[PDB]
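These notes concern the structure reproduced below.
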Amino acid sequence: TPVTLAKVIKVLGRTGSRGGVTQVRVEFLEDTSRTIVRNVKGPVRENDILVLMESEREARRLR
Amino acid sequence: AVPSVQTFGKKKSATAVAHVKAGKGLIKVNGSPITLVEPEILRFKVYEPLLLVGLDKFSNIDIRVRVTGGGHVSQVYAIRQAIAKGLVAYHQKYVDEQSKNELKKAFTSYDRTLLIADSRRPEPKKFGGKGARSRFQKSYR
Amino acid sequence: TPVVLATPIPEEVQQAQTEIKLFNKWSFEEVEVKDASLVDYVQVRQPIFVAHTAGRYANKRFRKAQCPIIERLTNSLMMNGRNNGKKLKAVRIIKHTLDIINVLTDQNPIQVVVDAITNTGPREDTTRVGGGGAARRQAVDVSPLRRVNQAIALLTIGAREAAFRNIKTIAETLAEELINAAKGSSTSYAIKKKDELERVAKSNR
Amino acid sequence: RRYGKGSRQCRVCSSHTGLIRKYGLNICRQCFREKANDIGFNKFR
Amino acid sequence: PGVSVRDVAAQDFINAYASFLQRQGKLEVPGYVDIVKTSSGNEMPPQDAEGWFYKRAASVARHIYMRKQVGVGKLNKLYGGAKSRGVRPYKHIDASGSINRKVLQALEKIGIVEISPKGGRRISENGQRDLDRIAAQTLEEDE
Amino acid sequence: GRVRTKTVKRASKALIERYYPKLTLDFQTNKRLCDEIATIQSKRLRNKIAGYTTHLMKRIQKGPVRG
Amino acid sequence: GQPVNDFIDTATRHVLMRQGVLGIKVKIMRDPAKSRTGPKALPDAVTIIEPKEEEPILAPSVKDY
Amino acid sequence: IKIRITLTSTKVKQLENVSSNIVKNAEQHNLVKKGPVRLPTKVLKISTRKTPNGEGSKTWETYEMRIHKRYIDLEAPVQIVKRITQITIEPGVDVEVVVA
RNA sequence: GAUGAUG
RNA sequence: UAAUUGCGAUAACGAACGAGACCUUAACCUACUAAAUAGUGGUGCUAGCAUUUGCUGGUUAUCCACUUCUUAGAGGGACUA
RNA sequence: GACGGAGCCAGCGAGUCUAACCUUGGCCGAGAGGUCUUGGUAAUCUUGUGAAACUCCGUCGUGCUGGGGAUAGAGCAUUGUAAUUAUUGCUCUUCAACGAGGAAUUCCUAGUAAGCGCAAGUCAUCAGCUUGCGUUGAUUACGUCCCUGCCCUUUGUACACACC
């Protein structure tokens with residue numbers, strides 16, 4: 001299956017009962033000007049590149 | 001007298017003293033050639049300050065090092081600091097400023113420890129454990 | 001041209017004045033791996049000699065990303081108690097292992113190590129989530145730095161477990177592990193584990 | 001008699017156990033804490 | 001150019017001198033070379049039963065050349081090791097005093113060492129000639 | 001955290017209200033002035049006092065500081 | 001802190017009354033301004049000297065000699 | 001006339017009054033002397049449990065007594081040597097003078 | 001917004 | 001903010017103990033005062049290899065100098081400038 | 001990785017009066033140890049405490065095997081009036097469980113965890129313990145209030161021995 005790439009443009013906060021899940025907003029490389037918010041599992045900064053296995057799943061917040 | 005310079009380097013308790021003077025290109029550590037330094041795998045740590053700036057600079061000089069303290073690994077890092085420091089102090093006193101600056105730029109851009117010592121030192125033990133932070137095991141039943 | 005001194009420096013050790021080679025055999029100009037996401041977290045642009053630097057990387061959050069990758073693979077072989085420390089064995093085991101890769105594949109050995117990293121970092125993982133104590137799994141994305149971290153751990157855990165109670169040496173089992181993973185072969189411990197994590201993740205979206 | 005636990009006693013309290021002999025103090029650990037300031041052992045680090 | 005013992009790696013020199021003395025055959029060997037083990041810390045006698053005594057002599061020869069003086073005690077310290085002690089942990093244990101005394105008495109009878117003021121043994125003018133001569137050969141064999 | 005205690009806040013305030021014409025933005029100059037204008041018991045506390053006095057001096061250049 | 005050692009004296013005694021022993025402890029904080037040897041004030045005491053009045057001058061002048 | 005005057009005390013302040021007295025006194029008699037050689041401080045440590053009865057968390061305590069030693073060498077006539085040995089007696093400082 | 005009795 | 005640490009607000013105003021300051025120790029100083037019971041260099045005597053003025057040792061009964069490394073006393077340095 | 005021969009490097013300490021301490025060096029002995037001398041009341045000598053892990057070159061080769069050294073037999077020594085219920089050290093022989101460990105549970109954020117050994121405390125002899133010391137030196141967060149608790153405010157209470 002295809003895989004799409006996106007670029008973190010902001011880090012919103014932290015979630016999970018124990019803080020191991022940061023929340024980010026991203027900008028897709030191809031077809032930019034589409035942004036999605038989703039959760040990540042390890043340390044992360046601005047300008048990082050994330051490989052998204054499925055593009056269209058916007059992620060919920062525990063608070 | 002012939003031009004001379006004395007410098008030193010340290011890592012943990014290891015210390016090495018490098019006497020440097022105008023000569024023919026000798027580089028001996030502990031009264032032996034630099035080619036016989038042990039442990040073998042880390043020979044290129046001692047060779048590094050020479051290679052990085054070319055062997056040319058070392059042709060007109062004699063360098064004699066001596067090491068004490070620490071252990072097998074920490075001594076090697078003391079030697080490499082002394083050799084780099086000796087060359088910079090020699091160019092300070094007997095060549096010119098520019099040469100010292102450009103030399104220093106090469107040494108620093110590769111590895112800072114070649115010239116500035118490592119500030120880390122060991123932590124004391126604290127009663128109640130086998131180490132500075134570790135503790136004995138606790139039990140409740 | 002070669003220079004001679006009062007102390008002779010062998011000719012095997014004099015060509016390096018033009019370019020730094022790892023273990024004085026392998027070059028760095030030709031190492032580049034195409035995973036666009038992982039460039040800023042694999043360090044192959046500062047050539048070094050001996051893979052024994054003694055740097056400080058545990059004082060700030062992301063300083064470890066600047067450590068050259070060969071040394072971060074060395075670090076992970078010093079494991080399971082009786083081998084903690086003993087970095088001089090790790091440097092020797094990686095000197096042998098890089099050598100075996102070149103013989104077995106006629107290819108740059110460092111570039112093979114890089115490819116093994118970029119084909120093992122799982123892309124999607126799962127997290128425990130619940131309320132009041134009852135829990136379940138939920139899918140999340142995995143960050144670039146952690147992709148490299150969990151890559152190295154898998155490559156060296158499999159190589160350590162494959163050699164234990166075996167006739168083959170550690171430098172060999174690690175050599176086989178790195179060769180297969182970079183090929184994308186399901187024989188590797190690293191690749192099989194990756195697919196187990198990503199299969200679970202898809203089922204818990 | 002020439003040796004052992006019976007050959008040594010705290011010079012202050014006649015106690016037999018806990019005696020410290022370093023530097024020829026021969027004072028039981030309890031009494032040492034009491035007399036430490038006068039003897040010249042202070043608490044620094 | 002000249003050559004000194006310090007200009008050749010220790011591993012090469014020790015084997016070179018040990019061979020030379022084995023061919024030459026006038027070094028006195030104490031007879032118990034098959035029974036004794038080199039220290040109380042060890043559990044098996046040397047594996048190279050033929051040539052272990054010759055190797056020990058070479059090591060002591062170089063050892064004196066580097067430094068002022070030594071004594072049988074200093075060599076026991078240097079050739080000790082980690083005693084197993086079984087269930088209990090390790091501890092440094094000194095080496096065999098008999099063996100190290102009879103390699104120093106042997107080395108005197110060959111003329112490589114002499115007693116010195118301030119105690120212990122010491123290199124002799126003849127000792128320095130032999131070791132230095134063999135170092136230059138070992139370099140020549142670098143081809 | 002680099003918060004400064006009331007001993008530092010008030011000793012620094014007490015020097016500006018008496019020695020504005022003699023104080024400057026230089027830390028090294030202010031540091032030496034506080035040897036001749038005050039009696040302080042330690043190098044550490046003296047350095048901190050002179051440091052915060054310098055800090056307030058920059059503030060006054062921008063405008064009136066409260067209090 | 002350290003000033004305890006400098007400026008505090010202490011003592012303790014046993015009183016064998018008929019009901020049983022009862023102890024006393026006396027603490028005296030000497031006044032540091034009267035110290036003859038050692039620090040003359042607590043560590044956190046800062047003293048600021050009151051400067052003299054200094055009037056503006058009228059016009060530039062010179063003096064000869 | 002060679003002499004070696006040594007000093008040992010647990011408190012530096014008194015010991016620098018004595019030493020500074022000796023050297024400044026010798027230079028006004030223009031004698032020849034070595035400098036005040038300061039040997040390494042030797043510290044004495046005693047470690048002990050605070051608790052007098054064995055109960056409670058294992059809390060350990062350490063004490064320290066410090067010893068500072070110094071010596072000077074003098075080559076001076078005996079008459080001046082006599083009064084030198086006599087002056088600079090101070091509580092808490094110990095002095096020994098050896099000839100030849 | 002799963003479970004959790006007693007001294 | 002590590003801190004009842006501060007900025008402030010204010011029916012409260014000015015204070016005291018605790019935290020901080022303070023002390024001990026670990027890091028730096030080719031800058032002061034010195035030092036063979038610590039060091040290094042040179043020079044008398046001397047062993048070996050080569051011998052163009054070279055490489056490595058011995059001699060603490062040779063003597064001279066010096067303080068980079070080692071020791072301490074008195075000070076400098078960081079205050080997030 | 002075990003074993004063998006070589007390589008070869010610390011820091012913190014302690015040491016002799018109403019007296020026997022720390023011991024270089026020489027010689028005998030497989031070894032422990034024995035004997036004759038010597039320096040140190042100590043930056044002077046023991047002591048560069050030539051320590052262990054460690055590197056190199058070899059022998060063995062996935063075999064409860066040269067991994068493992070418990071439990072036993074026999075002999076030679078040291079401390080002590082006295083060692084039997086072996087004080088401890090040496091030598092040969094005997095050569096068990098143990099194949100990485102269930103529910104549970106401890107410690108830890110860098111010269112730190114962990115591996116390695118040394119001096120000191122007790123001490124005639126006896127450390128597998130404790131207090132410090134150095135040598136080799138990673139992996140993983142740079143967060144959260146889910147479990148265990150802590151500090152401040154608001155709120156309910158039939159609790160005051162105070163949610164046991």
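Chain lettering (A, B, ...) mirrors the order of the structure tokens, residue numbering begins at 1 for each chain separately, and ligand numbering begins at 1 in order of display.
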Any idea what's packed within 9 Å of region 32-43 of chain H, counting only C-alpha atoms (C1' of nucleotides), ignoring anything in its chain fewer than 6 positions away? Could you give it as a PyMOL selection string?
(chain H and resi 19-20+23+26+64-76) or (chain J and resi 34-35+37+71-73) or (chain K and resi 43)
Distance table requested - region 1-54 of chain J against region 104-124 of chain B, cut-off 12 Å, only C-alpha atoms (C1' of nucleotides): one row per qualifying residue with the closest atom pair and its distance in Å to one decimal, ordered by chain and rising residue number, as JSON lines.
```
{"residue": "J:25", "atom": "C1'", "partner": "B:124", "partner_atom": "CA", "distance": 10.0}
{"residue": "J:26", "atom": "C1'", "partner": "B:121", "partner_atom": "CA", "distance": 7.3}
{"residue": "J:27", "atom": "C1'", "partner": "B:119", "partner_atom": "CA", "distance": 6.5}
{"residue": "J:28", "atom": "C1'", "partner": "B:119", "partner_atom": "CA", "distance": 9.6}
```
Kindly save the residues from that selection, with N, CA and C atoms (P, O5', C5', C4', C3', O3' and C1' of nucleotides) included, as a PDB file, in the first residue's frame.
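In the end it all went to again18.pdb:
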```
ATOM      1  P     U J  25      37.633  22.059  52.509  1.00  0.00           P
ATOM      2  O5'   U J  25      37.319  20.971  51.408  1.00  0.00           O
ATOM      3  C5'   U J  25      37.327  19.601  51.745  1.00  0.00           C
ATOM      4  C4'   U J  25      36.568  18.777  50.742  1.00  0.00           C
ATOM      5  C3'   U J  25      36.959  18.946  49.291  1.00  0.00           C
ATOM      6  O3'   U J  25      38.142  18.263  48.940  1.00  0.00           O
ATOM      7  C1'   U J  25      34.626  18.996  49.470  1.00  0.00           C
ATOM      8  P     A J  26      38.882  18.627  47.570  1.00  0.00           P
ATOM      9  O5'   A J  26      37.770  18.381  46.471  1.00  0.00           O
ATOM     10  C5'   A J  26      37.381  17.073  46.105  1.00  0.00           C
ATOM     11  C4'   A J  26      36.811  17.058  44.720  1.00  0.00           C
ATOM     12  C3'   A J  26      37.552  17.910  43.716  1.00  0.00           C
ATOM     13  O3'   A J  26      38.674  17.238  43.182  1.00  0.00           O
ATOM     14  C1'   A J  26      35.230  18.315  43.552  1.00  0.00           C
ATOM     15  P     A J  27      39.684  18.006  42.214  1.00  0.00           P
ATOM     16  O5'   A J  27      38.771  18.492  41.020  1.00  0.00           O
ATOM     17  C5'   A J  27      39.314  19.318  40.020  1.00  0.00           C
ATOM     18  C4'   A J  27      38.287  19.733  39.011  1.00  0.00           C
ATOM     19  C3'   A J  27      38.626  20.997  38.254  1.00  0.00           C
ATOM     20  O3'   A J  27      39.551  20.761  37.213  1.00  0.00           O
ATOM     21  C1'   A J  27      36.380  21.080  38.967  1.00  0.00           C
ATOM     22  P     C J  28      41.121  20.995  37.458  1.00  0.00           P
ATOM     23  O5'   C J  28      41.364  22.404  36.789  1.00  0.00           O
ATOM     24  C5'   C J  28      40.701  22.739  35.587  1.00  0.00           C
ATOM     25  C4'   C J  28      40.729  24.216  35.352  1.00  0.00           C
ATOM     26  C3'   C J  28      41.981  24.929  35.808  1.00  0.00           C
ATOM     27  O3'   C J  28      43.044  24.797  34.881  1.00  0.00           O
ATOM     28  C1'   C J  28      40.054  26.144  36.465  1.00  0.00           C
TER      29        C J  28
END
```
So that I can check the surroundings of residue 13 (chain A), please list as number ranges by chain every protein, DNA and RNA residue that reaches within 9 Å of it, counting only C-alpha atoms (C1' of nucleotides) and ignoring chain neighbours fewer than 2 positions away.
A: 11, 15, 22-24
Pull N, CA and C atoms from the residues just selected and write them as a PDB file, in the first residue's frame.
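Generated output (selection35.pdb):
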```pdb
ATOM      1  N   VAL A  11       3.610  21.565  17.978  1.00  0.00           N
ATOM      2  CA  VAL A  11       3.410  20.533  18.985  1.00  0.00           C
ATOM      3  C   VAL A  11       2.424  21.090  20.002  1.00  0.00           C
ATOM      4  N   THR A  15      -0.642  13.996  26.005  1.00  0.00           N
ATOM      5  CA  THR A  15      -1.869  13.286  26.323  1.00  0.00           C
ATOM      6  C   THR A  15      -1.482  11.923  26.870  1.00  0.00           C
ATOM      7  N   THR A  22       2.627  12.461  22.565  1.00  0.00           N
ATOM      8  CA  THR A  22       2.546  13.866  22.211  1.00  0.00           C
ATOM      9  C   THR A  22       1.527  14.070  21.101  1.00  0.00           C
ATOM     10  N   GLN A  23       1.023  15.294  20.999  1.00  0.00           N
ATOM     11  CA  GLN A  23       0.030  15.656  20.001  1.00  0.00           C
ATOM     12  C   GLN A  23       0.621  16.690  19.062  1.00  0.00           C
ATOM     13  N   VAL A  24       0.445  16.482  17.760  1.00  0.00           N
ATOM     14  CA  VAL A  24       1.102  17.302  16.752  1.00  0.00           C
ATOM     15  C   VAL A  24       0.115  17.659  15.658  1.00  0.00           C
TER      16      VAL A  24
END
```
Please, which residues of chain E lie no more than 12 Å from chain C when the count uses only C-alpha atoms, and can they be set out as a ChimeraX atom specification?
/E:1-2,7
Save out the residues we just selected, C-alpha atoms, as a PDB file, in the first residue's frame.
```pdb
ATOM      1  CA  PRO E   1      70.158   4.873  13.598  1.00  0.00           C
ATOM      2  CA  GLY E   2      70.833   2.511  16.472  1.00  0.00           C
ATOM      3  CA  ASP E   7      61.875   0.372  19.953  1.00  0.00           C
TER       4      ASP E   7
END
```
Counting only C-alpha atoms, give me one row per residue of chain B with an atom at most 7 Å from an atom of chain E, showing the shortest contact pair and its distance in Å to one decimal, sorted by chain then residue number, as JSON lines.
```
{"residue": "B:32", "atom": "CA", "partner": "E:6", "partner_atom": "CA", "distance": 5.4}
{"residue": "B:33", "atom": "CA", "partner": "E:7", "partner_atom": "CA", "distance": 6.3}
{"residue": "B:36", "atom": "CA", "partner": "E:9", "partner_atom": "CA", "distance": 6.1}
```
Keeping N, CA, C and O atoms, export the residues of the selection given above as a JSON list (two decimals), in the first residue's frame.
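Generated output (part-v1.json):
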```
[["chain", "number", "residue", "atom", "x", "y", "z"],
["B", 32, "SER", "N", 59.34, 5.43, 24.32],
["B", 32, "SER", "CA", 59.14, 4.48, 23.24],
["B", 32, "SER", "C", 58.53, 5.22, 22.07],
["B", 32, "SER", "O", 57.99, 6.32, 22.25],
["B", 33, "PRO", "N", 58.60, 4.67, 20.87],
["B", 33, "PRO", "CA", 57.96, 5.33, 19.73],
["B", 33, "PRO", "C", 56.45, 5.41, 19.90],
["B", 33, "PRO", "O", 55.84, 4.63, 20.62],
["B", 36, "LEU", "N", 54.16, 2.21, 19.12],
["B", 36, "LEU", "CA", 53.98, 1.05, 19.98],
["B", 36, "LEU", "C", 52.99, 1.28, 21.11],
["B", 36, "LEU", "O", 53.08, 0.60, 22.14]]
```
Show me, as a PyMOL selection string, the residues that have an atom within 9 Å of residue 28 (chain D) when counting only C-alpha atoms (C1' of nucleotides), minus same-chain residues fewer than 2 positions from it.
chain D and resi 9-21+25-26+30-33
Report, in Å with one decimal, the straight-line distance from CA of residue 11 (chain F) to CA of residue 28 (chain G).
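If I compute the distance from CA of residue 11 (chain F) to CA of residue 28 (chain G), I get 28.9 Å.
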With a distance threshold of 12 Å and counting only C-alpha atoms, extract the residues of chain A near chain C and express them as number ranges by chain.
A: 3-8, 15-24, 29, 37-55, 57-62
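From CA of residue 2 (chain A) back to CA of residue 35 (chain A), the distance works out to 18.7 Å.
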In Å, with one decimal, what is the gap from CA of residue 141 (chain E) to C1' of residue 54 (chain J)?
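Separation between CA of residue 141 (chain E) and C1' of residue 54 (chain J): 23.7 Å.
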Using DSSP on the backbone coordinates, identify the residues of region 81-115 of chain E assigned to strand (DSSP E or B); present them as an mmCIF file with N, CA, C and O atoms, in the first residue's frame.
```
data_model
loop_
_atom_site.group_PDB
_atom_site.id
_atom_site.type_symbol
_atom_site.label_atom_id
_atom_site.label_comp_id
_atom_site.auth_asym_id
_atom_site.auth_seq_id
_atom_site.Cartn_x
_atom_site.Cartn_y
_atom_site.Cartn_z
ATOM 1 N N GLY E 81 47.531 -13.170 40.053
ATOM 2 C CA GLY E 81 46.311 -13.166 39.277
ATOM 3 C C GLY E 81 45.101 -13.207 40.176
ATOM 4 O O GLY E 81 45.187 -12.923 41.370
ATOM 5 N N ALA E 82 43.966 -13.558 39.590
ATOM 6 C CA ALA E 82 42.711 -13.649 40.320
ATOM 7 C C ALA E 82 42.486 -15.090 40.757
ATOM 8 O O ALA E 82 42.268 -15.970 39.925
ATOM 9 N N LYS E 83 42.542 -15.327 42.058
ATOM 10 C CA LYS E 83 42.181 -16.624 42.604
ATOM 11 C C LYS E 83 40.680 -16.842 42.496
ATOM 12 O O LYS E 83 39.885 -15.944 42.778
ATOM 13 N N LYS E 91 40.324 -12.561 44.512
ATOM 14 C CA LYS E 91 41.303 -11.821 45.287
ATOM 15 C C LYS E 91 42.657 -12.015 44.636
ATOM 16 O O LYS E 91 42.983 -13.121 44.205
ATOM 17 N N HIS E 92 43.442 -10.949 44.570
ATOM 18 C CA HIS E 92 44.780 -11.066 44.017
ATOM 19 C C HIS E 92 45.604 -12.019 44.863
ATOM 20 O O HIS E 92 45.595 -11.938 46.094
ATOM 21 N N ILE E 93 46.318 -12.925 44.204
ATOM 22 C CA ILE E 93 47.178 -13.895 44.868
ATOM 23 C C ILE E 93 48.521 -13.903 44.159
ATOM 24 O O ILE E 93 48.583 -13.907 42.927
ATOM 25 N N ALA E 95 52.445 -15.006 42.969
ATOM 26 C CA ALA E 95 52.901 -16.125 42.161
ATOM 27 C C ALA E 95 53.920 -16.983 42.908
ATOM 28 O O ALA E 95 54.206 -16.785 44.089
ATOM 29 N N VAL E 113 72.400 -10.606 34.277
ATOM 30 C CA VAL E 113 71.951 -9.804 35.407
ATOM 31 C C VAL E 113 73.045 -9.844 36.467
ATOM 32 O O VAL E 113 73.914 -10.718 36.456
ATOM 33 N N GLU E 114 73.005 -8.888 37.392
ATOM 34 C CA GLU E 114 73.898 -8.920 38.538
ATOM 35 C C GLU E 114 73.184 -8.343 39.743
ATOM 36 O O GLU E 114 72.231 -7.575 39.612
ATOM 37 N N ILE E 115 73.670 -8.703 40.929
ATOM 38 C CA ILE E 115 73.164 -8.073 42.136
ATOM 39 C C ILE E 115 73.580 -6.613 42.134
ATOM 40 O O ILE E 115 74.584 -6.229 41.523
#
```
Using only C-alpha atoms (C1' of nucleotides), determine which residues lie at most 7 Å from region 14-21 of chain B, disregarding the query and same-chain residues fewer than 4 positions distant; provide the list as a PDB file with N, CA and C atoms (P, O5', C5', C4', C3', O3' and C1' of nucleotides), in the first residue's frame.
```pdb
ATOM      1  N   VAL B   2      67.843  25.879  23.051  1.00  0.00           N
ATOM      2  CA  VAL B   2      66.932  25.598  21.947  1.00  0.00           C
ATOM      3  C   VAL B   2      65.519  25.958  22.391  1.00  0.00           C
ATOM      4  N   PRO B   3      64.630  26.362  21.485  1.00  0.00           N
ATOM      5  CA  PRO B   3      63.243  26.629  21.882  1.00  0.00           C
ATOM      6  C   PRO B   3      62.602  25.427  22.556  1.00  0.00           C
ATOM      7  N   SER B   4      61.791  25.696  23.576  1.00  0.00           N
ATOM      8  CA  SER B   4      61.178  24.630  24.352  1.00  0.00           C
ATOM      9  C   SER B   4      59.824  25.083  24.876  1.00  0.00           C
ATOM     10  N   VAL B   5      58.992  24.102  25.213  1.00  0.00           N
ATOM     11  CA  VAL B   5      57.634  24.341  25.679  1.00  0.00           C
ATOM     12  C   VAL B   5      57.222  23.146  26.517  1.00  0.00           C
ATOM     13  N   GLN B   6      56.454  23.400  27.570  1.00  0.00           N
ATOM     14  CA  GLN B   6      55.937  22.336  28.419  1.00  0.00           C
ATOM     15  C   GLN B   6      54.427  22.479  28.538  1.00  0.00           C
ATOM     16  N   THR B   7      53.702  21.383  28.318  1.00  0.00           N
ATOM     17  CA  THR B   7      52.246  21.383  28.362  1.00  0.00           C
ATOM     18  C   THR B   7      51.770  20.080  28.980  1.00  0.00           C
ATOM     19  N   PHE B   8      50.454  19.959  29.154  1.00  0.00           N
ATOM     20  CA  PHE B   8      49.899  18.817  29.867  1.00  0.00           C
ATOM     21  C   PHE B   8      48.451  18.602  29.466  1.00  0.00           C
ATOM     22  N   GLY B   9      47.960  17.400  29.757  1.00  0.00           N
ATOM     23  CA  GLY B   9      46.564  17.067  29.541  1.00  0.00           C
ATOM     24  C   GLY B   9      46.126  16.044  30.564  1.00  0.00           C
ATOM     25  N   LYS B  10      44.813  15.967  30.785  1.00  0.00           N
ATOM     26  CA  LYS B  10      44.268  15.112  31.827  1.00  0.00           C
ATOM     27  C   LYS B  10      42.941  14.505  31.398  1.00  0.00           C
ATOM     28  N   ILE B  61      60.349  19.416  14.911  1.00  0.00           N
ATOM     29  CA  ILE B  61      60.081  19.407  16.341  1.00  0.00           C
ATOM     30  C   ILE B  61      60.383  18.028  16.904  1.00  0.00           C
ATOM     31  N   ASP B  62      60.641  17.986  18.208  1.00  0.00           N
ATOM     32  CA  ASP B  62      60.748  16.748  18.967  1.00  0.00           C
ATOM     33  C   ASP B  62      59.770  16.805  20.127  1.00  0.00           C
ATOM     34  N   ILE B  63      59.003  15.738  20.312  1.00  0.00           N
ATOM     35  CA  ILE B  63      57.961  15.673  21.327  1.00  0.00           C
ATOM     36  C   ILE B  63      58.226  14.461  22.197  1.00  0.00           C
ATOM     37  N   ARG B  64      58.282  14.670  23.502  1.00  0.00           N
ATOM     38  CA  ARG B  64      58.512  13.593  24.448  1.00  0.00           C
ATOM     39  C   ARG B  64      57.441  13.657  25.518  1.00  0.00           C
ATOM     40  N   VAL B  65      56.663  12.593  25.629  1.00  0.00           N
ATOM     41  CA  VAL B  65      55.521  12.541  26.518  1.00  0.00           C
ATOM     42  C   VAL B  65      55.840  11.583  27.651  1.00  0.00           C
ATOM     43  N   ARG B  66      55.134  11.751  28.756  1.00  0.00           N
ATOM     44  CA  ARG B  66      55.171  10.773  29.827  1.00  0.00           C
ATOM     45  C   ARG B  66      53.845  10.803  30.558  1.00  0.00           C
ATOM     46  N   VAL B  67      53.344   9.629  30.915  1.00  0.00           N
ATOM     47  CA  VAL B  67      51.998   9.494  31.440  1.00  0.00           C
ATOM     48  C   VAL B  67      52.056   8.808  32.790  1.00  0.00           C
ATOM     49  N   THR B  68      51.109   9.162  33.647  1.00  0.00           N
ATOM     50  CA  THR B  68      50.963   8.544  34.951  1.00  0.00           C
ATOM     51  C   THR B  68      49.503   8.612  35.365  1.00  0.00           C
ATOM     52  N   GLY B  69      49.113   7.695  36.239  1.00  0.00           N
ATOM     53  CA  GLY B  69      47.789   7.728  36.820  1.00  0.00           C
ATOM     54  C   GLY B  69      46.720   7.149  35.922  1.00  0.00           C
ATOM     55  N   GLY B  70      45.514   7.116  36.468  1.00  0.00           N
ATOM     56  CA  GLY B  70      44.362   6.653  35.717  1.00  0.00           C
ATOM     57  C   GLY B  70      44.480   5.195  35.333  1.00  0.00           C
ATOM     58  N   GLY B  71      44.231   4.911  34.063  1.00  0.00           N
ATOM     59  CA  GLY B  71      44.216   3.551  33.576  1.00  0.00           C
ATOM     60  C   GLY B  71      44.561   3.489  32.110  1.00  0.00           C
ATOM     61  N   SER B  74      42.176   5.955  29.926  1.00  0.00           N
ATOM     62  CA  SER B  74      42.241   7.372  30.244  1.00  0.00           C
ATOM     63  C   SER B  74      43.606   7.952  29.928  1.00  0.00           C
ATOM     64  N   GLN B  75      44.663   7.152  30.034  1.00  0.00           N
ATOM     65  CA  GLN B  75      45.986   7.652  29.687  1.00  0.00           C
ATOM     66  C   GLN B  75      46.065   8.032  28.221  1.00  0.00           C
ATOM     67  N   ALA B  78      44.908  11.351  27.638  1.00  0.00           N
ATOM     68  CA  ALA B  78      45.812  12.367  28.156  1.00  0.00           C
ATOM     69  C   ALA B  78      46.926  12.662  27.165  1.00  0.00           C
ATOM     70  N   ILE B  79      47.424  11.632  26.485  1.00  0.00           N
ATOM     71  CA  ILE B  79      48.492  11.826  25.512  1.00  0.00           C
ATOM     72  C   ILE B  79      48.017  12.723  24.385  1.00  0.00           C
ATOM     73  N   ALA B  82      47.933  16.345  25.328  1.00  0.00           N
ATOM     74  CA  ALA B  82      49.242  16.961  25.488  1.00  0.00           C
ATOM     75  C   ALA B  82      49.868  17.288  24.142  1.00  0.00           C
ATOM     76  N   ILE B  83      49.754  16.384  23.174  1.00  0.00           N
ATOM     77  CA  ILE B  83      50.389  16.603  21.882  1.00  0.00           C
ATOM     78  C   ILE B  83      49.764  17.797  21.183  1.00  0.00           C
ATOM     79  N   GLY B  86      50.809  20.997  23.003  1.00  0.00           N
ATOM     80  CA  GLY B  86      52.188  21.380  22.788  1.00  0.00           C
ATOM     81  C   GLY B  86      52.372  22.121  21.484  1.00  0.00           C
TER      82      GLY B  86
ATOM     83  P     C J  69      51.108  23.677  36.549  1.00  0.00           P
ATOM     84  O5'   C J  69      51.471  22.140  36.401  1.00  0.00           O
ATOM     85  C5'   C J  69      50.728  21.297  35.535  1.00  0.00           C
ATOM     86  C4'   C J  69      51.115  19.852  35.700  1.00  0.00           C
ATOM     87  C3'   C J  69      51.006  19.308  37.109  1.00  0.00           C
ATOM     88  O3'   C J  69      49.685  18.915  37.418  1.00  0.00           O
ATOM     89  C1'   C J  69      53.088  18.692  36.179  1.00  0.00           C
TER      90        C J  69
END
```
So which residues touch residue 136 (chain E) within 8 Å, counting only C-alpha atoms (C1' of nucleotides), skipping near sequence neighbours fewer than 3 positions away, as a ChimeraX atom specification?
/E:3-4,132-133,139-140
Just write the chosen residues, C-alpha atoms, as a compact mmCIF listing (two decimals), in the first residue's frame.
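Below is the file selection13.txt, written as the result:
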```txt
# COMPACT_ATOMS: atom_id res chain seq x y z
CA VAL E 3 68.25 0.45 18.33
CA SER E 4 67.11 -0.05 21.91
CA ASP E 132 70.02 -4.88 22.25
CA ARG E 133 71.58 -7.17 19.66
CA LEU E 139 63.27 -5.36 13.33
CA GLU E 140 65.17 -6.78 10.37
```
Can you tell me which residues surround residue 3 (chain K) at a distance of at most 12 Å, considering only C-alpha atoms (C1' of nucleotides), apart from same-chain residues fewer than 5 positions away, and format the answer as a PyMOL selection string?
(chain E and resi 42-47) or (chain K and resi 58-60+66-67)
